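Report on the structure given below.
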Amino acid sequence: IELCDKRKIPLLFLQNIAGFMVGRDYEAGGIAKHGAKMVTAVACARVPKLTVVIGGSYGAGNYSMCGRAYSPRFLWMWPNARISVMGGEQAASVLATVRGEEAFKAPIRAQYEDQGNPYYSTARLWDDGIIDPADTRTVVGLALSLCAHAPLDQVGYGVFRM
Amino acid sequence: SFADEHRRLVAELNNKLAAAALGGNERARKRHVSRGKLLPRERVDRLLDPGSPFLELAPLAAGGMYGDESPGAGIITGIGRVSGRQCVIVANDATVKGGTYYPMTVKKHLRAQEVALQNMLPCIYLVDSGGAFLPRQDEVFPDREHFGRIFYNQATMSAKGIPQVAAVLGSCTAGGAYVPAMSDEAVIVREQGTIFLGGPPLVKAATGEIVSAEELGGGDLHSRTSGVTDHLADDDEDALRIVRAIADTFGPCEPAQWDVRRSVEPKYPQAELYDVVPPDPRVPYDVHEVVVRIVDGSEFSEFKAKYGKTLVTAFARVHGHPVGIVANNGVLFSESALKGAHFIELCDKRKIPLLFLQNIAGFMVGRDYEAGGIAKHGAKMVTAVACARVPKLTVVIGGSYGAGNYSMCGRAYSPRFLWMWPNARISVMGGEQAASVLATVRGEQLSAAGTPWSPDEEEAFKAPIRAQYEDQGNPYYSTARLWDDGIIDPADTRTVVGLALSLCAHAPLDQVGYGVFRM
Amino acid sequence: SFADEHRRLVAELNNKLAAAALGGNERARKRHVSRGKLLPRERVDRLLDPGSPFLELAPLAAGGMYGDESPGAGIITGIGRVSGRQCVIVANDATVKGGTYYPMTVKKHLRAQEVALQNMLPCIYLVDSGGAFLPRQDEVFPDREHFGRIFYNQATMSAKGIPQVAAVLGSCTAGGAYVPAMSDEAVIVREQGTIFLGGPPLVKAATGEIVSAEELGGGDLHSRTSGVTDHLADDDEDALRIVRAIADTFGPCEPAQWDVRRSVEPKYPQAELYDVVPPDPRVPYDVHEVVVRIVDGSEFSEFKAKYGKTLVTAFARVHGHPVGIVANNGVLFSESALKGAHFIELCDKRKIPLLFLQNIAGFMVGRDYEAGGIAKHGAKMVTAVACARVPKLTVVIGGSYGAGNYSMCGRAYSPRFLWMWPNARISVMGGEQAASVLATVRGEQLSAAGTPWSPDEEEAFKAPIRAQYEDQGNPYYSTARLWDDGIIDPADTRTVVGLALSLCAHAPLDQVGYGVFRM
């Protein structure tokens, strides 16, 4: 992203989130601060950004891959895309173990299928539209020609947590 | 025949260039390619766009220095086109002492980066260096213009958006590991290129571990594990292909800072310069004869043609580029200097690059001249040269002596490029002038002490002085230490200048602004 | 007693400073004042405001060079208050070979002007120089960092509104005539000061005219007729009074770039540094012991105290000025470098000047360290040092070796000032490290050739290497060549830093901006 920013190359993020790696050694290796460096870069980049969700969009991975809160010029989803804070099974596992300490899990697994559906997303303008995967190239080409005539800001980042 | 002498000097220069261009001896060159590497000069050649010109900087660096163990200071530097972009290219010559950095190697590396900065040109570093020359480590390592400045330059140039790209084709060790590590994008050749801050001998010395260069910092290790490099290449040719692809992603260039016209050829062949300029700088001639031959259509508009006639100032074009030529035509007077200062003001306002043609003995001397304020008139010209915001180019076509060097845009006044003709001389004063002046003082002292010398003794005293200035002042001594960017065939003056102006055309100009003019 | 050794080294330093401060031998000093001139150091002293501190730069320049014929390189440079304004003062020491410019004299003159530019300080030139050292004219005259750059600097600094003021108190000849001629305002002493582009010997040699220095370019001639000078002074004292009056017309200063607090004293005497720091750089100690003593109230806020513990980074104050101290506390690891880069980012955003305390052997070595990307982590720190927009100060309190020098803001990274302690060493690698590494390679070669050496022979090979690094790496060798701005008593560290920060506080800061960080 630093390279594209300095060379004035627009960014295109293709999201298919599968989470971050989890475990003692991964947190100890600073995965949180390394992810943070990417988010800083995405957030502060002065070049136009475009986002297309071609698969999953879940949790912190959304932020690192230029989700809606990172102000890409446009954000689209494919019809197979899914978006939520986490997966349905995960959310039900979490709310159940608190309650314990299946008929309770049912409406929650359903909630996440419902809310994570691409039509639920477009309905609320989390994205700018669901697109035919076959139209990705032309939509991106069209968007980039629109973005080409707004003056670029200077390069400048927040503190990178080394 | 002035021209027989010029042609002899050019034949000598071209023999020295061909020898230096080979790099190391045939053994060294054979070893280098025995395991599949391309030679350094082949690497540069394959990087360039087919047909691209290559403006080589300081090819005879370190000539007659270090007992000639480092031809060209063991490094190749120049400017050429890579994927359509003009780039500064720096290539370690691994055939010359394993690409070791002698003091002049560092200076030459730094000079290339200075050119990159001033003209906003991307930098491509083809790395293959075994480290520093340790017996002269005090002239390689610690000071502001030593090895550390390479990385200050990389970082500050990268901050300005000037791409820094590295390809590790051989050894890269100690501080030299920062070349690729502080590049924006780095390529490395598999099972050939290595990078480490601490090499195997130091690993062994410090910890006792026995480790190979490959195990310690090979291409696979850095490209898969460490992330020190960004591309893994199969061989040298593949690495160069990859650099070309990187260069194709470079962003927009700045627009030309002045209007470029269609080039018109001169009326005369450039080889006629050999007939027109006396090799001996003491022999007078009309510098108009040079100007008329190097400029487009052999046309120019002379400013103040009838005033201060020992300095020639004329507007012209070279390869379609506007130029303001400032050319010596005798000893400098107050009027010459006033004229030069004025002329420079005009070029500055009109965005006309300046071309200084130096053949300068010095200023007129005597009470009436000092009383007429020759020091302050000279000063005005220096102020204008120093403060001018247009690009400046300097070619020493004859003498470059004393304060006249300063007034005519010498090395200390940051011309974008400075070249020398094979007949040129440069020194604090002219050889004969120095001998004559020092003999005048010594003769007076001997007289005053009651031991006046004979004509023979005076002559015996002058001979070593003349030898000093001939030895320290000739173009090979100058170019070895990078006081200039190269010795050129006088017949190439037009080509080189046209090429340089094309390079200077895309760096944004500062505002006009001068120091106080001492009226 | 570490402290007995420190006190011995300081006593040696002070003896060398007292000797160099005398300038020429007693004969030279007597001649100089026989006709009414003040001594160079008296000239500086009378120029200053009563009670003003004087931060002298490079007082031991040219020490052990040129057979010691030019103590302090025959020139006095420093910063002090003149009519309430901090000014850079450059005074030719006419008692040292008539103020002749040796190569280090030029470098020292240029260093002073660099300081003037970076801190926006007016320049006062007290001129009294007989010209260049002709046997080394090739190291005085032609190149970018040679005599010509003095006038490039005068002009470009004048264009930026940095006053350039000259007082001609003795001889001023050849290119040296541009010092006053390219000054904004020039004073000259009657029947004492002279200025000419061409002196009497050259006038005679060229034209046969016999003319005295006074007739050719005296004070009356330039102040009444030529206009090369603007004030005619009765004597040295009068000339200095006049300079003080000129300085009183200087325009508004820029405001302080950060908030300055009331100074709070440390809890400990500064002389305790002698007890706390081993003179030998190889001997480990806790660098916190230095930090706690030099900072206000002996207070500091340490950043990442428990991470990358071989580098100490702490926020503090020195004489009311905020500082970010970066101090070595062992061998550098990846974590140390990441920590330093981060710390530098914070100081940069918060407008906190950086203070680098160097005692740096190098980076950890071995496969796991290179595989963990130690080269690129080091690179990030260098990028941050190079690109930081806050003022930087460096004090070498121990070792300054290899790539660690670069990572810790060595001379090539343009700290506003760089000083050394008397125990410090600087070289491409540590003396013992060099001997050990070169012996490791030579021992292996001898083995492979079938002539393995004995323990005695290995030791005989190391002794000259250790001698090279001791000779080229000690503070006197460094300071003679201006790799640093001076050797300081460790107990003066706090005073000097406090003074420097006061000077750095009034030059406008650039924007924050970094080169690419190799993640």
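For the structure tokens, the naming scheme is as follows: chains receive sequential letters (A, B, ...) according to their order of presentation, residues are indexed from 1 within each chain, and ligands are indexed from 1 in presentation order.
Residue-level contacts from chain B to chain A at 12 Å, counting only C-alpha atoms, read residues 122, 157, 158, 159, 160, 161, 162, 163, 164, 165, 183, 184, 185, 246, 247, 248, 249, 250, 251, 252 and 253 of chain B.
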With N, CA and C atoms retained, write the just-selected residues as an mmCIF file, in the first residue's frame.
```
data_model
loop_
_atom_site.group_PDB
_atom_site.id
_atom_site.type_symbol
_atom_site.label_atom_id
_atom_site.label_comp_id
_atom_site.auth_asym_id
_atom_site.auth_seq_id
_atom_site.Cartn_x
_atom_site.Cartn_y
_atom_site.Cartn_z
ATOM 1 N N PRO B 122 14.279 8.146 -10.891
ATOM 2 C CA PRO B 122 14.304 6.876 -10.159
ATOM 3 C C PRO B 122 15.692 6.266 -10.098
ATOM 4 N N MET B 157 15.235 10.487 -0.524
ATOM 5 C CA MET B 157 14.726 10.434 -1.899
ATOM 6 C C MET B 157 13.414 9.652 -1.968
ATOM 7 N N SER B 158 13.329 8.551 -1.224
ATOM 8 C CA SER B 158 12.094 7.765 -1.167
ATOM 9 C C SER B 158 10.945 8.596 -0.586
ATOM 10 N N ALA B 159 11.241 9.403 0.431
ATOM 11 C CA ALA B 159 10.246 10.311 1.019
ATOM 12 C C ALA B 159 9.706 11.333 0.009
ATOM 13 N N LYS B 160 10.542 11.744 -0.945
ATOM 14 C CA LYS B 160 10.130 12.679 -1.996
ATOM 15 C C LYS B 160 9.415 12.011 -3.173
ATOM 16 N N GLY B 161 9.239 10.694 -3.116
ATOM 17 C CA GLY B 161 8.571 9.951 -4.184
ATOM 18 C C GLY B 161 9.475 9.537 -5.335
ATOM 19 N N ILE B 162 10.790 9.571 -5.120
ATOM 20 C CA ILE B 162 11.756 9.110 -6.125
ATOM 21 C C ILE B 162 12.017 7.617 -5.892
ATOM 22 N N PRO B 163 11.497 6.744 -6.777
ATOM 23 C CA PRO B 163 11.594 5.306 -6.496
ATOM 24 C C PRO B 163 13.020 4.820 -6.281
ATOM 25 N N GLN B 164 13.198 3.984 -5.264
ATOM 26 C CA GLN B 164 14.474 3.353 -4.966
ATOM 27 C C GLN B 164 14.291 1.850 -5.138
ATOM 28 N N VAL B 165 14.913 1.293 -6.174
ATOM 29 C CA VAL B 165 14.754 -0.124 -6.516
ATOM 30 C C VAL B 165 16.113 -0.810 -6.509
ATOM 31 N N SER B 183 15.555 -0.157 0.218
ATOM 32 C CA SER B 183 14.900 0.064 -1.063
ATOM 33 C C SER B 183 13.399 -0.108 -0.897
ATOM 34 N N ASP B 184 12.648 0.567 -1.757
ATOM 35 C CA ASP B 184 11.197 0.459 -1.772
ATOM 36 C C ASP B 184 10.800 -0.933 -2.251
ATOM 37 N N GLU B 185 11.591 -1.478 -3.167
ATOM 38 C CA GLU B 185 11.308 -2.777 -3.757
ATOM 39 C C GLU B 185 12.620 -3.451 -4.134
ATOM 40 N N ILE B 246 9.002 -3.559 -12.707
ATOM 41 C CA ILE B 246 8.822 -2.641 -11.579
ATOM 42 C C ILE B 246 8.816 -1.193 -12.075
ATOM 43 N N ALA B 247 9.799 -0.866 -12.905
ATOM 44 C CA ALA B 247 9.910 0.463 -13.505
ATOM 45 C C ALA B 247 8.659 0.864 -14.294
ATOM 46 N N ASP B 248 7.971 -0.118 -14.868
ATOM 47 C CA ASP B 248 6.744 0.144 -15.620
ATOM 48 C C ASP B 248 5.557 0.538 -14.731
ATOM 49 N N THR B 249 5.690 0.357 -13.415
ATOM 50 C CA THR B 249 4.657 0.794 -12.467
ATOM 51 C C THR B 249 4.899 2.198 -11.906
ATOM 52 N N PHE B 250 5.999 2.843 -12.293
ATOM 53 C CA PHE B 250 6.313 4.173 -11.768
ATOM 54 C C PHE B 250 5.239 5.190 -12.174
ATOM 55 N N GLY B 251 4.952 6.123 -11.271
ATOM 56 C CA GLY B 251 3.878 7.101 -11.461
ATOM 57 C C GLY B 251 4.194 8.202 -12.459
ATOM 58 N N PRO B 252 3.317 9.221 -12.541
ATOM 59 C CA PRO B 252 3.465 10.290 -13.532
ATOM 60 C C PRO B 252 4.721 11.141 -13.349
ATOM 61 N N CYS B 253 5.298 11.547 -14.470
ATOM 62 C CA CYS B 253 6.441 12.448 -14.497
ATOM 63 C C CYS B 253 5.935 13.884 -14.359
#
```
Q) Could you pull the residues within 12 Å of segment 281-288 of chain B, counting only C-alpha atoms, minus those fewer than 6 positions along the same chain, as a VMD selection string? A) chain B and resid 2 273 275 294 to 295 298 to 302 305 309 to 314 325 to 331 357 to 362 396 to 401 421 to 426 430 to 433 474
Q | residue 6 of chain B environment, 9 Å, only C-alpha atoms, sequence neighbours closer than 5 positions dropped, as a list in words | A |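 Selected residues are residues 1, 11, 274, 275, 277, 278, 279, 422, 423, 489 and 490 of chain B.
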Q | Contacts of residue 88 of chain A within 12 Å, only C-alpha atoms, excl. fewer than 6 positions in-chain, as a ChimeraX atom specification | A | /A:58,82,94-95,105-117
Restrict the selected residues to C-alpha atoms and save them as a JSON list (two decimals), in the first residue's frame.
```json
[["chain", "number", "residue", "atom", "x", "y", "z"],
["A", 58, "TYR", "CA", -15.87, -11.07, 8.89],
["A", 82, "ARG", "CA", -21.47, -12.92, 3.26],
["A", 94, "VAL", "CA", -20.43, -17.67, 22.45],
["A", 95, "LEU", "CA", -23.93, -16.62, 23.62],
["A", 105, "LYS", "CA", -28.88, -21.55, 19.40],
["A", 106, "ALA", "CA", -31.46, -21.95, 16.59],
["A", 107, "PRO", "CA", -32.75, -18.35, 16.30],
["A", 108, "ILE", "CA", -29.14, -17.06, 16.51],
["A", 109, "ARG", "CA", -27.80, -19.26, 13.66],
["A", 110, "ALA", "CA", -30.83, -18.01, 11.71],
["A", 111, "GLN", "CA", -30.10, -14.35, 12.59],
["A", 112, "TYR", "CA", -26.61, -14.58, 11.07],
["A", 113, "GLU", "CA", -27.83, -16.24, 7.87],
["A", 114, "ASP", "CA", -30.42, -13.45, 7.62],
["A", 115, "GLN", "CA", -28.24, -10.45, 8.45],
["A", 116, "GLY", "CA", -25.14, -11.69, 6.58],
["A", 117, "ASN", "CA", -27.01, -12.15, 3.30]]
```
Q: Tell me which protein, DNA and RNA residues are within 7 Å of residue 79 of chain A, counting only C-alpha atoms, leaving out same-chain ones fewer than 2 positions away, and put them as a list in words.
A: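 With the cut-off at 7 Å, the set is residues 77, 81, 118, 130 and 131 of chain A.
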Selection to disk with N, CA and C atoms, as a short mmCIF file (atom, residue, chain, number, x, y, z; two decimals), in the first residue's frame:
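Wrote it out as again.cif, contents follow:
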```
data_model
loop_
_atom_site.label_atom_id
_atom_site.label_comp_id
_atom_site.auth_asym_id
_atom_site.auth_seq_id
_atom_site.Cartn_x
_atom_site.Cartn_y
_atom_site.Cartn_z
N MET A 77 -20.51 -6.02 -3.73
CA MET A 77 -20.49 -7.42 -3.31
C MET A 77 -20.93 -8.32 -4.44
N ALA A 81 -21.39 -13.44 -1.62
CA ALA A 81 -20.71 -12.83 -0.48
C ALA A 81 -21.52 -12.97 0.80
N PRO A 118 -26.23 -10.97 1.27
CA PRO A 118 -25.89 -9.78 0.48
C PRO A 118 -27.05 -8.80 0.25
N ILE A 130 -24.97 -5.16 -5.38
CA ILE A 130 -24.55 -6.51 -5.71
C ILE A 130 -24.33 -6.58 -7.21
N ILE A 131 -23.20 -7.15 -7.61
CA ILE A 131 -22.84 -7.20 -9.02
C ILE A 131 -22.63 -8.63 -9.51
#
```
Q: Give me the residues within 9 Å of residue 518 of chain B as a PyMOL selection string, counting only C-alpha atoms and dropping any in the same chain fewer than 3 places off.
A: (chain B and resi 376-377+379-380) or (chain C and resi 181-185+227-228)
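For segment 211-334 of chain C, the set of residues given strand (DSSP E) by DSSP on the backbone reads residues 231, 232, 233, 301, 302, 303, 311, 312, 313, 314, 315, 316, 317, 318, 321, 322, 323, 324, 325, 326, 327 and 328 of chain C.
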